[PDB]
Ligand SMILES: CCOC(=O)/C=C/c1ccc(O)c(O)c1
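Shown below, as C-alpha cells, is a lone chain in the form deposited without the ligand; questions about how it binds or moves come after it.
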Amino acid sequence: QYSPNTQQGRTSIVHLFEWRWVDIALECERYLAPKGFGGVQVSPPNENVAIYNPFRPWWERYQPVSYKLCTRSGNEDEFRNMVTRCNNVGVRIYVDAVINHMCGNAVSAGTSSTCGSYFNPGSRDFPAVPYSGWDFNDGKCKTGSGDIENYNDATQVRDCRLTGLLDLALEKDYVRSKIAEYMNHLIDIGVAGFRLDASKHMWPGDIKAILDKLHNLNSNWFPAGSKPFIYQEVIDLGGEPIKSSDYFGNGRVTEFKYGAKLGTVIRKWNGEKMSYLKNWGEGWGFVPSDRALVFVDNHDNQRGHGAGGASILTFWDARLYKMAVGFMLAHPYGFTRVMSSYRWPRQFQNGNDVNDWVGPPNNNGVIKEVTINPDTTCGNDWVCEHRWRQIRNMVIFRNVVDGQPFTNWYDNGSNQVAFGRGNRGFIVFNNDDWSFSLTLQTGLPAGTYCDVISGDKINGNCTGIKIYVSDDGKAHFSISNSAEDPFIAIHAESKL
C-alpha cells in the first residue's frame, strides 16, 4: 500500500494542476514518458459546483456534487482515454479523491454543476449519488456553528464542517460503499492510486474501512495483487492533537514540514543555513521516509491557502525555487512530487493576494489547452515547471541515482554545500553571497561530465558547463553567487 506502483526506474509524480484530460494524454506520450516521469496527479475528476462569484475559482473543484466523471477537465470518455494512453506509455495516474465532504452548506440549490446534476445543499439532497440528510454529520457535530471552530479538539476537526462544507458521515456503511464504488470504478479504469483530500478531517479508522473495500489494480497493466498507492493529505506541523503518524496504517502522508522548513532555510530566514541540512529528513522531526510524500509547494500553499505560510517557495521565486526542487530531487528522503502550475495576476494588498481565487487559463470558463512553444516551454499562461530544463533534468537525476546512498557531504559552515549519491551522482550548491571555487571528492568514476543544470548532454557533447573528475574521484567546481542557477549537478548518464 506504500508503493507508488510506478514503472521501475521512474521516481517522481507531477501535479498537472487543472489540466484537461486530452492535454494530459498528449503530455504522457510526448514528454512525460520520454523524460522518465513516474506519474501524474490529476485534479478531482468528479462533478463539482460551478461557482460564478468569484468566476470559476480553482477551489470550486473541492466541492463535490456527485461522482460522475464530468468536469471542466473533460468527460468520462476523455478520462478513460487519458488513463489508457498514459498507462500504455508507462506513466501512472493518481486521482485527487475528495471524499470528506460535498459542497458548501450555503450554496444555492439548483443545477449549477459541471454536469448539470441537480443538488440541494439546504436540504442535504444530492440525488445523483444519491445522498440525503441521513448521510451527513449534522447531528454528530457538537459546535454551536456546526463548523470546525477549534483545531485543538480532535473530535470536531473530524465531525464538523470544514469552513461550511457538508461533512459526510463516513462511519455509515452506505456512505463508505458509495465512496468505494466511486474509487473502484476509477481503479478498474486503470488509475494507480489516490491522494486522499482532507484526511486530517476524517477518522483514520473510517479511511481504513473504505480502503478495505477497494479492489486490486487493473490486471491488464499491473501484476496480480497490486494495491492502490495511497497518500493522505494531513497537515501536521506539530502543536495539534492530531498526528500524521495516526494515519500510517492506511498509506503514506503528505509531509508539509518538508517544504515549510526547506523554504525558510533557502531563504535564509532567522539564522537558518544550508549547512544545517546535513541531517535532513527524520533528523528534522519528519515522518519516516517510506511513509512520506514530499514536495516544495502544492496547489494550496503556492497561493497562501494551505500550510507553510510565507516561507513556501514557488515558481514566482524562480531562482530559489529551482534550487529547492533540485535539493529535494537529489536527496534520498521520501517520494517526490513536482508541481506544475498556471500564472494568475497576483494582486497583493496589505500582505495578501486578493486574486488567490483565480482559476485556470480560460476563455469564458472553458479551460485553455496547453500550447507548446518551440523551446519546449508552455503558452496560454501555463507555467509548466516540469518542463524547465533544471527541474526536468533533476527528475532524471533522481531516477539515475535511485537506490544509491547519501554520501560525500561537504559544507563551508554557511550556505555552500555538496553531496553525492553513491557513485552515480553528485550535486553542489552555492547560496552564500560570495563565490565558490573548490576541489571536491565526488565519488564518481573518472571522466568528463555534463552539468545538467546549465545544459544538456547532446550527441557526445555538453551544451553547458563541463566537469572533469580525476582518477581519485576529485573534481573542481566553480559557482559564482551571480550565476543564474547557483548549483551544479552531474550523474552517471551525463558522462561523456
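Just so we're on the same page, rigid core means the largest C-alpha set that superposes within 1.5 Å between forms. One-based numbering along the sequence shown.
Visitor: Should the higher mean CA B-factor in the entry be assigned to 226 to 234 or to 114 to 122?
Guide: For C-alpha atoms only, the mean B-factor is higher in 114 to 122.
Visitor: Which has the higher mean CA temperature factor in the PDB entry, 246 to 254 or 298 to 306?
Guide: According to the entry, 298 to 306 carries the higher average C-alpha B-factor.
Visitor: Based on the PDB record, which member of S199, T314, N87, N270 exhibits the highest Cα temperature factor?
Guide: Answer for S199, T314, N87, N270: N270, with the highest C-alpha B-factor.
Visitor: Could you check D153, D96, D159, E181 and tell me which one carries the biggest Cα B-factor in the deposited entry?
Guide: When the deposited C-alpha B-factors of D153, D96, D159, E181 are compared, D153 is largest.
Visitor: Which third of the chain holds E385 when residues are ordered by C-alpha B factor: lowest, middle or highest?
Guide: According to the entry, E385 has a C-alpha B-factor in the chain's lowest third.
Visitor: How does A418 rank on Cα B-factor within its chain, lowest, middle or highest third?
Guide: According to the entry, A418 has a C-alpha B-factor in the chain's middle third.
Visitor: Consider only the C-alpha atoms of the modelled residues in this chain, order them by B-factor as the entry records it, and name the third containing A475: lowest, middle or highest.
Guide: Tercile = highest for this residue's CA B-factor.
Visitor: In terms of the chain's CA B-factor thirds, is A483 lowest, middle or highest?
Guide: Top third by C-alpha B-factor.
Visitor: Taking the C-alpha B-factors as the PDB entry records them, is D138 in the lowest, middle or highest third of its chain?
Guide: Top third by C-alpha B-factor.
Keep in mind that the form deposited with the ligand bound is missing from the display, and what follows is about it.
Visitor: Given the stretches 244 to 252, 403 to 411, 419 to 427, 182 to 190, which is the single one in contact with the ligand in the entry with it bound, using a heavy atom cutoff of 4.5 Å?
Guide: Going by heavy atoms within 4.5 Å, the stretch is 244 to 252.
Visitor: With the partner left out of view, is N218 within 4.5 angstroms of the ligand in the entry with it bound by any non-hydrogen atom?
Guide: No, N218 is distant from the partner.
Visitor: Mark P223 yes when one of its heavy atoms lies within 4.5 Å of a heavy atom of the ligand in the entry with it bound, and no otherwise.
Guide: No - in the entry with it bound, heavy atoms of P223 and the ligand never come within 4.5 Å of each other.
Visitor: So in the entry with it bound, does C115 come within 4.5 Å of the ligand, heavy atom to heavy atom?
Guide: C115 lies outside the contact set for the ligand.
Visitor: Answer with yes or no whether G285 is in contact with the ligand in the entry with it bound, where contact means some heavy atom within 4.5 Å.
Guide: Flag for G285 set to yes.
Visitor: Of the residues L26, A50, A33, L440, which one places a heavy atom within 4.5 Å of the ligand in the entry with it bound?
Guide: Checking each option against the ligand in the entry with it bound, the one that comes within 4.5 Å is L26.
Visitor: Considering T371, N88, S177, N120, which brings a non-hydrogen atom within 4.5 Å of the ligand in the entry with it bound?
Guide: Checking each option against the ligand in the entry with it bound, the one that comes within 4.5 Å is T371.
Visitor: If I align on the rigid core, exactly one of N87, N399, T314, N137 should have its C-alpha move by 2 Å or more between the shown form and the other one; which residue is that?
Guide: If I go through the list carefully, the shifting residue is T314.
Visitor: Do you see a C-alpha shift of 2 Å or more at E171 between the shown form and the other one, with the core held fixed?
Guide: Result for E171: no, shift under 2 Å.
Visitor: On a core-based superposition, does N459 travel 2 Å or more at its Cα between the shown form and the other one?
Guide: Superposed on the core, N459 moves its C-alpha less than 2 Å between the shown form and the other one.
Visitor: Is there a C-alpha shift of 2 Å or more at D197 between the shown form and the other one once the rigid core is superposed?
Guide: After core superposition, the displacement of the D197 C-alpha between the shown form and the other one stays below 2 Å, so no.
Visitor: Work out the direction of the Cα-Cα change for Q232 and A310 in the entry with it bound: closer or farther than in this form? It's 3 angstroms or more.
Guide: Closer: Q232 and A310 approach by 3 Å or more in the entry with it bound.
Visitor: Quick one: in the entry with it bound, is the Cα gap between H201 and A310 smaller or bigger than here? Answer closer or farther; it shifts by 3 Å or more.
Guide: Residues converge in the entry with it bound, at least 3 Å closer.
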